[PDB]
Every structure is written in structure tokens, then in C-alpha cells.
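The structure under discussion appears below in the form of C-alpha cells.
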Amino acid sequence: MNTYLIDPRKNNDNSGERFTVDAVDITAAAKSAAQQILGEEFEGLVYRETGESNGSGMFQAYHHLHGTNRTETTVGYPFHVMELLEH
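Here the sequence shown stands for residues 1 to 87, where the numbers follow PDB author numbering.
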């Protein structure tokens with residue numbers, strides 16, 4: 001298990017409020033972060049907008065728009081996910 005530092009960025013009006021999640025890897029961390037930012041009703045996934053694969057970067061959540069038959073839509077604004085070593 002690893003720890004990741006989450007900055008919700010525009011999701012909290014760039015207030016500077018940040019928090020951590022625990023996850024096995026960065027993509028799992030980004031999904032957990034999206035669930036925390038967007039609330040219990042969010043079910044979806046995330047894709048990467050910045051950074052190297054398996055490394056820190058900006059992520060964007062998306063989901064299937066309920067009531068429709070096809071196609072994804074983004075949810076929320078991008079947020080940052082960073083590996084964090086705890087002591």
C-alpha cells in the first residue's frame with residue numbers, strides 16, 4: 001500500500017485544501033480521490049492529463065451519463081495526484 005497526496009484544484013476553487021488517500025498504485029489512487037472529491041453517488045473512472053505513466057499528474061474523472069444508452073462524459077474538474085512518502 002502507498003499514500004498519495006490529492007489536490008482537488010478547481011473542484012474546491014483552488015482553496016489549497018488537500019488530503020491523502022491510500023492505494024496500491026497511482027490509477028487506483030486517482031479513482032479513490034475522485035470518489036472523495038465527487039461524493040458517494042459518483043461511479044466512474046479516471047484518465048490522465050499530465051505526467052508520466054505510473055507517476056504523479058493531473059487526472060480527470062468520467063462516467064456513463066445515466067439515462068442514456070451510450071458514451072462517457074467527464075465529471076468535475078481535473079485534480080492532482082502525487083506520490084507521498086510518510087514517516
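For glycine and all other residues, C-beta sits at the position ideal for the given N, C-alpha and C.
Quiz item: Closest to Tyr47 by CA distance: which of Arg70, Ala34 and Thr71 is it?
Solution: Distances from the alpha-carbon of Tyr47 to those of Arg70, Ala34 and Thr71 put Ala34 closest.
Practice problem: Output the residue ranges of the alpha helix (DSSP H) runs that lie fully inside the segment 6-83 and measure 4 residues or longer, sorted by chain position. | Solution: If we require 4 residues or more, the alpha helix (DSSP H) runs fully inside the segment 6-83 come out as 26-38.
Quiz prompt | For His80 and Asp7, believed in contact at Cβ under 8 Å, the rounded distance | solution = Cβ atoms of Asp7 and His80 come within 8 Å of each other, at about 4 Å.
Exercise. State the Cα-Cα distance for the pair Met82 and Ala61, rounded to the nearest angstrom.
Key: If you take the alpha carbons of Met82 and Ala61, they lie about 16 Å apart.
Quiz prompt | Candidates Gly16, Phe19, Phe59 and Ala23: closest to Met1 by CA position | solution = Shortest Cα-Cα distance from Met1 to any of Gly16, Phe19, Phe59 and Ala23 involves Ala23.
Self-check item: 7 Å Cβ shell around residue 123 - same chain, five flanking residues per side excluded
Solution: This structure gives no information on residue 123, because the portion of the chain shown stretches from 1 to 87.
Self-check item: Supposed close pair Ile37, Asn11 - CB separation, criterion 8 Å
Solution: Contact annotation, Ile37 with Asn11: C-beta distance approximately 5 Å; criterion of less than 8 Å satisfied.
Quiz item: Beta carbon of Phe59, beta carbon of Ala30: below 8 Å?
Solution: Yes, these two residues count as a Cβ contact at 8 Å.
Exercise. Please state if the CB of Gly44 and the CB of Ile26 are separated by a distance shorter than 8 Å.
Key: Here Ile26 is not near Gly44, since their CB atoms are 8 Å or more apart.
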